[PDB]
Amino acid sequence: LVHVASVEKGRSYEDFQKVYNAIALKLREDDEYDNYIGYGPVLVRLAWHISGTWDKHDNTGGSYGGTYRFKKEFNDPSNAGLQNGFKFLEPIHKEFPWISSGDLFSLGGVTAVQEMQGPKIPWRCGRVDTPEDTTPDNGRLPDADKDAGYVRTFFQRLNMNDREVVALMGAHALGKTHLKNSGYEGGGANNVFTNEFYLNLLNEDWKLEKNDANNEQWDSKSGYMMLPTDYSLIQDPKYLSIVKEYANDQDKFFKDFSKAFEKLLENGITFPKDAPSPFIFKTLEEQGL
Ligand code: HEM
Ligand SMILES: COP(=O)(NC(=O)c1ccccc1)OC
């Protein structure tokens, strides 16, 4: 099972920079969503959920096929709340109908990270929409009520190592939980990309409590929360070492996150030797827009 990248016919960097700019401008103007958090965090989640169905064993799932557009995946209970990101991107897709679904969903995650003052994330085009029958079954995305052992084992399926896992989890500095989506409540409601996740993990006084949906979560007096799977990163001695590294080195965290996130969005795709180099898009700020 091979998924070959195929560049949308006759399109070049400037075409994709246009799509980036439309997403970025809409992020700026549709700023009231989720109590003024804006759509940055949910688009990052969306890009992760469409990628995180990949299975290294048989090469099924992942971002290539854009299969989130089909009802089985769209209605996965693990995807509750992501409809909001879909609705955000829908008018963009009408404006640029030439872009594939997988390219649009993954580009939306890249745009959101960079527009939230995160690291540059190189991105490659050429995902190709595949038929409804290529949609993975529900149940490939991870549960939040588990320990470090489960996290490590789960992420092996996506071919991610300990450092890649800890770096990717720093995205939990963004956005918040919503009781209606996941049965978890609270969070910091942040829309600037920083290494605060690790600082919070190490500096807050956490207390395990049951919440209003009867799930266990870690709460701090300051009002922050951590999922059981977040808190597992300071329970396991290998993850804890890396948490301390990122808490103490913002630049290292940005660079590692960029690498891991691009790998996540590219898993399962074979790029021809003569495919274009990855693109690095300019932010609105860098264009003076
Ligand atoms: C063990 C793996 C993970 C688990 C169990 C997990 C679980 C969750 C849960 C339960 C929520 C709250 C959903 C809601 O109530 O709206 C959430 C939010 C979020 N997750 Fe994760 N997550 C994981 C890994 C990741 C990764 C790898 C990323 C991206 C690189 C990511 C990005 C986000 C973002 C940005 C939000 C906030 C979304 C919003 O504010 O709407 N997560 N996650
Ligand atoms: C940085 O805010 P947080 O309170 N964690 C979150 O806001 C958060 C965000 C998304 C998913 C889970 C927690 O830090 C302990």
# chains A, B, ... in the order shown; residues from 1 in each chain; ligands from 1
$ residues_near_ligand --ligand "ligand 2" --cutoff "6 Å" --atoms "only C-alpha atoms and all ligand atoms" --output "ChimeraX atom specification"
/A:172-177,187-189,196-197,200,224-226
$ residues_around --residues "residue 228 in chain A" --least-positions-apart "5" --cutoff "8 Å" --atoms "only C-alpha atoms" --output "PyMOL selection string"
chain A and resi 144-147+216-218
$ write_last_selection --atoms "C-alpha atoms" --output "mmCIF file, in the first residue's frame"
data_model
loop_
_atom_site.group_PDB
_atom_site.id
_atom_site.type_symbol
_atom_site.label_atom_id
_atom_site.label_comp_id
_atom_site.auth_asym_id
_atom_site.auth_seq_id
_atom_site.Cartn_x
_atom_site.Cartn_y
_atom_site.Cartn_z
ATOM 1 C CA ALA A 144 -6.885 10.480 27.637
ATOM 2 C CA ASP A 145 -7.444 8.352 30.807
ATOM 3 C CA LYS A 146 -4.304 6.254 30.534
ATOM 4 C CA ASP A 147 -0.703 6.142 31.763
ATOM 5 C CA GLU A 216 -10.296 11.945 36.634
ATOM 6 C CA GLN A 217 -8.138 14.991 35.833
ATOM 7 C CA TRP A 218 -5.323 16.890 37.474
#
$ closest_atom_pairs --of "chain A" --to "ligand 1" --cutoff "7 Å" --atoms "only C-alpha atoms and all ligand atoms" --output "Markdown table"
| residue | atom | partner | partner_atom_place_in_ligand_line | distance |
| --- | --- | --- | --- | --- |
| A:41 | CA | ligand 1 | 35 (C) | 4.2 |
| A:42 | CA | ligand 1 | 41 (O) | 4.0 |
| A:44 | CA | ligand 1 | 35 (C) | 4.9 |
| A:45 | CA | ligand 1 | 32 (C) | 4.4 |
| A:48 | CA | ligand 1 | 29 (C) | 5.2 |
| A:81 | CA | ligand 1 | 16 (O) | 6.0 |
| A:142 | CA | ligand 1 | 5 (C) | 4.9 |
| A:143 | CA | ligand 1 | 5 (C) | 4.7 |
| A:144 | CA | ligand 1 | 5 (C) | 3.6 |
| A:151 | CA | ligand 1 | 1 (C) | 5.5 |
| A:168 | CA | ligand 1 | 30 (C) | 4.6 |
| A:169 | CA | ligand 1 | 27 (C) | 5.0 |
| A:171 | CA | ligand 1 | 29 (C) | 5.0 |
| A:172 | CA | ligand 1 | 33 (C) | 5.3 |
| A:174 | CA | ligand 1 | 35 (C) | 5.0 |
| A:175 | CA | ligand 1 | 40 (O) | 3.1 |
| A:176 | CA | ligand 1 | 40 (O) | 4.1 |
| A:177 | CA | ligand 1 | 15 (O) | 3.5 |
| A:178 | CA | ligand 1 | 15 (O) | 3.8 |
| A:179 | CA | ligand 1 | 15 (O) | 5.8 |
| A:180 | CA | ligand 1 | 15 (O) | 6.9 |
| A:181 | CA | ligand 1 | 15 (O) | 4.6 |
| A:182 | CA | ligand 1 | 15 (O) | 4.3 |
| A:183 | CA | ligand 1 | 15 (O) | 6.7 |
| A:184 | CA | ligand 1 | 15 (O) | 5.8 |
| A:185 | CA | ligand 1 | 15 (O) | 6.9 |
| A:229 | CA | ligand 1 | 1 (C) | 5.5 |
| A:261 | CA | ligand 1 | 30 (C) | 6.4 |
$ write_last_selection --atoms "C-alpha atoms" --output "tab-separated table (two decimals), in the first residue's frame"
chain	number	residue	atom	x	y	z
A	41	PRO	CA	-6.03	25.63	18.58
A	42	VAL	CA	-8.92	23.66	17.01
A	44	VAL	CA	-4.03	22.28	15.23
A	45	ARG	CA	-6.18	19.54	16.80
A	48	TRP	CA	-3.34	16.05	14.39
A	81	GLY	CA	-15.74	19.36	18.29
A	142	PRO	CA	-5.77	7.79	21.76
A	143	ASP	CA	-7.69	7.83	25.04
A	144	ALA	CA	-6.88	10.48	27.64
A	151	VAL	CA	1.17	6.71	25.63
A	168	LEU	CA	4.25	16.97	20.20
A	169	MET	CA	2.45	17.04	23.55
A	171	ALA	CA	0.68	21.63	21.80
A	172	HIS	CA	-1.49	21.10	24.95
A	174	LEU	CA	-2.99	25.68	23.34
A	175	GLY	CA	-6.79	25.98	23.59
A	176	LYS	CA	-8.85	24.20	26.23
A	177	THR	CA	-11.00	21.19	27.04
A	178	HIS	CA	-14.77	21.35	26.59
A	179	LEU	CA	-16.93	19.12	28.69
A	180	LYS	CA	-19.32	18.45	25.79
A	181	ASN	CA	-16.51	17.26	23.50
A	182	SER	CA	-14.41	15.04	25.70
A	183	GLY	CA	-15.71	14.84	29.28
A	184	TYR	CA	-12.83	17.02	30.46
A	185	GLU	CA	-13.23	20.58	31.63
A	229	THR	CA	-1.93	11.24	29.73
A	261	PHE	CA	4.85	17.91	13.61
$ select_by_dssp --residues "range 64-251 of chain A" --states "helix (DSSP H, G or I)" --output "number ranges by chain"
A: 67-69, 71-74, 77-79, 83-95, 101-115, 132-134, 148-156, 162-173, 179-182, 196-203, 228-235, 237-248, 250-251
$ closest_atom_pairs --of "range 76-155 of chain A" --to "range 246-260 of chain A" --cutoff "7 Å" --atoms "only C-alpha atoms" --output "Markdown table"
| residue | atom | partner | partner_atom | distance |
| --- | --- | --- | --- | --- |
| A:119 | CA | A:254 | CA | 5.5 |
| A:120 | CA | A:258 | CA | 6.8 |
| A:121 | CA | A:258 | CA | 5.2 |
$ write_last_selection --atoms "C-alpha atoms" --output "compact mmCIF listing (two decimals), in the first residue's frame"
# COMPACT_ATOMS: atom_id res chain seq x y z
CA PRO A 119 8.12 27.82 14.88
CA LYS A 120 8.10 27.62 11.11
CA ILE A 121 6.88 24.19 9.98
$ closest_residue --among "A:2, A:227, A:275, A:284" --to "residue 209 in chain A" --atoms "only C-alpha atoms"
A:227
$ atom_distance --atom1 "CA of residue 1 in chain A" --atom2 "CA of residue 74 in chain A"
23.3 Å
$ decode --residues "range 3-30 of chain A" --atoms "N, CA and C atoms" --output "mmCIF file, in the first residue's frame"
data_model
loop_
_atom_site.group_PDB
_atom_site.id
_atom_site.type_symbol
_atom_site.label_atom_id
_atom_site.label_comp_id
_atom_site.auth_asym_id
_atom_site.auth_seq_id
_atom_site.Cartn_x
_atom_site.Cartn_y
_atom_site.Cartn_z
ATOM 1 N N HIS A 3 1.279 5.415 -1.041
ATOM 2 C CA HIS A 3 0.575 6.661 -1.266
ATOM 3 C C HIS A 3 1.541 7.645 -1.836
ATOM 4 N N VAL A 4 1.514 7.823 -3.150
ATOM 5 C CA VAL A 4 2.496 8.683 -3.790
ATOM 6 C C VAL A 4 2.001 10.114 -3.853
ATOM 7 N N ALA A 5 2.844 11.061 -3.405
ATOM 8 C CA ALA A 5 2.483 12.482 -3.469
ATOM 9 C C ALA A 5 2.395 12.879 -4.934
ATOM 10 N N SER A 6 1.343 13.608 -5.280
ATOM 11 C CA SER A 6 1.174 14.075 -6.638
ATOM 12 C C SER A 6 0.753 15.550 -6.608
ATOM 13 N N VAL A 7 1.611 16.449 -7.080
ATOM 14 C CA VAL A 7 1.420 17.907 -6.954
ATOM 15 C C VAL A 7 0.181 18.326 -7.740
ATOM 16 N N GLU A 8 -0.711 19.102 -7.112
ATOM 17 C CA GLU A 8 -1.923 19.606 -7.807
ATOM 18 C C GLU A 8 -1.465 20.263 -9.112
ATOM 19 N N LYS A 9 -2.098 19.919 -10.232
ATOM 20 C CA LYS A 9 -1.558 20.281 -11.540
ATOM 21 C C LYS A 9 -1.346 21.768 -11.744
ATOM 22 N N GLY A 10 -0.098 22.094 -12.051
ATOM 23 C CA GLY A 10 0.381 23.417 -12.421
ATOM 24 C C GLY A 10 0.512 24.387 -11.270
ATOM 25 N N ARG A 11 0.444 23.881 -10.032
ATOM 26 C CA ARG A 11 0.496 24.805 -8.877
ATOM 27 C C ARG A 11 1.919 24.938 -8.369
ATOM 28 N N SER A 12 2.275 26.098 -7.823
ATOM 29 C CA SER A 12 3.625 26.279 -7.314
ATOM 30 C C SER A 12 3.534 26.909 -5.922
ATOM 31 N N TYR A 13 4.682 27.239 -5.339
ATOM 32 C CA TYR A 13 4.739 27.849 -4.001
ATOM 33 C C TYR A 13 3.762 29.002 -3.834
ATOM 34 N N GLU A 14 3.734 29.917 -4.798
ATOM 35 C CA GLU A 14 2.902 31.115 -4.681
ATOM 36 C C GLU A 14 1.416 30.783 -4.542
ATOM 37 N N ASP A 15 0.969 29.743 -5.240
ATOM 38 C CA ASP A 15 -0.413 29.259 -5.107
ATOM 39 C C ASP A 15 -0.732 28.846 -3.646
ATOM 40 N N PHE A 16 0.189 28.102 -3.020
ATOM 41 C CA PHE A 16 -0.035 27.615 -1.662
ATOM 42 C C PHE A 16 0.090 28.728 -0.627
ATOM 43 N N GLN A 17 1.010 29.678 -0.872
ATOM 44 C CA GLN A 17 1.129 30.870 -0.019
ATOM 45 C C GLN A 17 -0.174 31.679 -0.028
ATOM 46 N N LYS A 18 -0.864 31.678 -1.159
ATOM 47 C CA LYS A 18 -2.167 32.322 -1.215
ATOM 48 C C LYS A 18 -3.164 31.637 -0.278
ATOM 49 N N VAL A 19 -3.143 30.308 -0.253
ATOM 50 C CA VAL A 19 -4.068 29.554 0.583
ATOM 51 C C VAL A 19 -3.717 29.771 2.064
ATOM 52 N N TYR A 20 -2.425 29.760 2.369
ATOM 53 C CA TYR A 20 -1.944 30.081 3.703
ATOM 54 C C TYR A 20 -2.469 31.443 4.156
ATOM 55 N N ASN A 21 -2.300 32.448 3.304
ATOM 56 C CA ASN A 21 -2.761 33.828 3.610
ATOM 57 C C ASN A 21 -4.267 33.903 3.877
ATOM 58 N N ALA A 22 -5.086 33.204 3.089
ATOM 59 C CA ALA A 22 -6.550 33.198 3.323
ATOM 60 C C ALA A 22 -6.940 32.601 4.681
ATOM 61 N N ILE A 23 -6.328 31.461 5.024
ATOM 62 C CA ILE A 23 -6.495 30.865 6.368
ATOM 63 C C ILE A 23 -6.033 31.850 7.445
ATOM 64 N N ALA A 24 -4.846 32.420 7.277
ATOM 65 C CA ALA A 24 -4.289 33.315 8.283
ATOM 66 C C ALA A 24 -5.161 34.562 8.462
ATOM 67 N N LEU A 25 -5.620 35.143 7.361
ATOM 68 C CA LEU A 25 -6.470 36.346 7.487
ATOM 69 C C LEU A 25 -7.774 36.010 8.183
ATOM 70 N N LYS A 26 -8.366 34.861 7.875
ATOM 71 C CA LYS A 26 -9.607 34.439 8.534
ATOM 72 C C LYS A 26 -9.394 34.156 10.023
ATOM 73 N N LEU A 27 -8.225 33.627 10.381
ATOM 74 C CA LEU A 27 -7.863 33.414 11.789
ATOM 75 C C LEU A 27 -7.855 34.718 12.570
ATOM 76 N N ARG A 28 -7.359 35.760 11.918
ATOM 77 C CA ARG A 28 -7.275 37.085 12.505
ATOM 78 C C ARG A 28 -8.667 37.707 12.672
ATOM 79 N N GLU A 29 -9.515 37.589 11.659
ATOM 80 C CA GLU A 29 -10.810 38.267 11.671
ATOM 81 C C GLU A 29 -11.949 37.530 12.391
ATOM 82 N N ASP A 30 -11.972 36.205 12.308
ATOM 83 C CA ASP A 30 -12.952 35.408 13.038
ATOM 84 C C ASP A 30 -12.432 35.118 14.438
#
